[PDB]
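Note: hydrogens, waters and symmetry copies are ignored here, and every other heavy atom, side chains too, is used. Order of the sequence lines fixes the chain letters, A, B, ..., with proteins taken first and strands second; residue numbering starts at 1 for each chain.
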There are 2 protein chains.
Amino acid sequence: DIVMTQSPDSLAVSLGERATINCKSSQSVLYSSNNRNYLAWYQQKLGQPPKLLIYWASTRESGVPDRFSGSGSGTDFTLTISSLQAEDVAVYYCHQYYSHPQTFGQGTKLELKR
Amino acid sequence: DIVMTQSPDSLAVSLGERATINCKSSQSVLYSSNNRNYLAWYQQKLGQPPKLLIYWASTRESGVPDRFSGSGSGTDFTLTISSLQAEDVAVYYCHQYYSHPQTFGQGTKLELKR
């Protein structure tokens, strides 16, 4: 079973500042044949369902703004929020769908500096 | 955009009793070519990440017990928990990955009768 480890676990940044969320897989999820990364990022706001943000490690879902950027490969990946807005406060999860079971990280809680 | 509507929104059953969770799509997610349903069910326990339970509408993920049963097709689907355990208390989400954006339901909160 591939293990998804995110860092940091939580983070507090000022409005309009940049946030960086790491995620490492215990095994490569880059597929040799198609050379595609089976890696997704989801956003979950409080009392709400998850929302798909990024897949194949770097593709934005429809309706997802450009301030959200997915990067990296194989075992190492990063979500960058370039200019943090208040509506971006939430829990962000990485997710691999390379093999079963398809596991998630424990989440990174991103909050506004008080 | 396909809309995923779950019912009931919440539900309280006694231990060892059966729970049934519906989910309707505003559009068919059965794929004509392969005749496969692009429908998933996730379980989210409190303060924890989501966990994939069922995909292609009726396949259990590895490590998922048989008391969890996915059924239905096209626009109409059901998760049945046959004999409710305390560790099954949580929020259950349906999810379509037929087209982008890949949307979720608002969740069904399942709790033990007090």
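- Side-chain atoms of B:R36 do not come within 3.5 Å of backbone N or O of B:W56 as any donor-acceptor pair.
- Using the six-membered ring where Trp is involved, A:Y31 and A:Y38 have ring planes that are perpendicular, over 60° apart on the 30 and 60° scheme.
- Without hydrogens or angle criteria, A:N35 side chain to A:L30 main chain gives no donor-acceptor distance under 3.5 Å.
- Classification of the A:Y42-A:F104 ring pair by plane angle, with boundaries at 30° and 60°, yields tilted.
- Heavy-atom proximity under 4.5 angstrom to chain B picks out A:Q106 from residues 106-114 of chain A.
- Note: A:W41 and A:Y55 fail the aromatic proximity criterion, with ring centroids not under 6.0 Å apart.
- Put simply, the side chain of B:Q85 never gets that close to the backbone of B:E87: no donor and acceptor are under 3.5 Å apart.
- For a residue to count as touching a neighbouring chain, one of its non-hydrogen atoms must lie under 4.5 Å from one of that chain's; by this rule A:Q44 touches chain B with the side chain only.
- Contact count against chain B (heavy-atom pairs under 4.5 Å) is highest for A:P49 among A:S62, A:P49, A:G63.
- With chain A as the partner, the residue from B:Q102, B:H95, B:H100, B:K51 showing the most heavy-atom pairs under 4.5 Å is B:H100.
- Within the 3.5 Å criterion, the main-chain N or O of A:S28 finds no donor-acceptor partner in the side chain of A:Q96.
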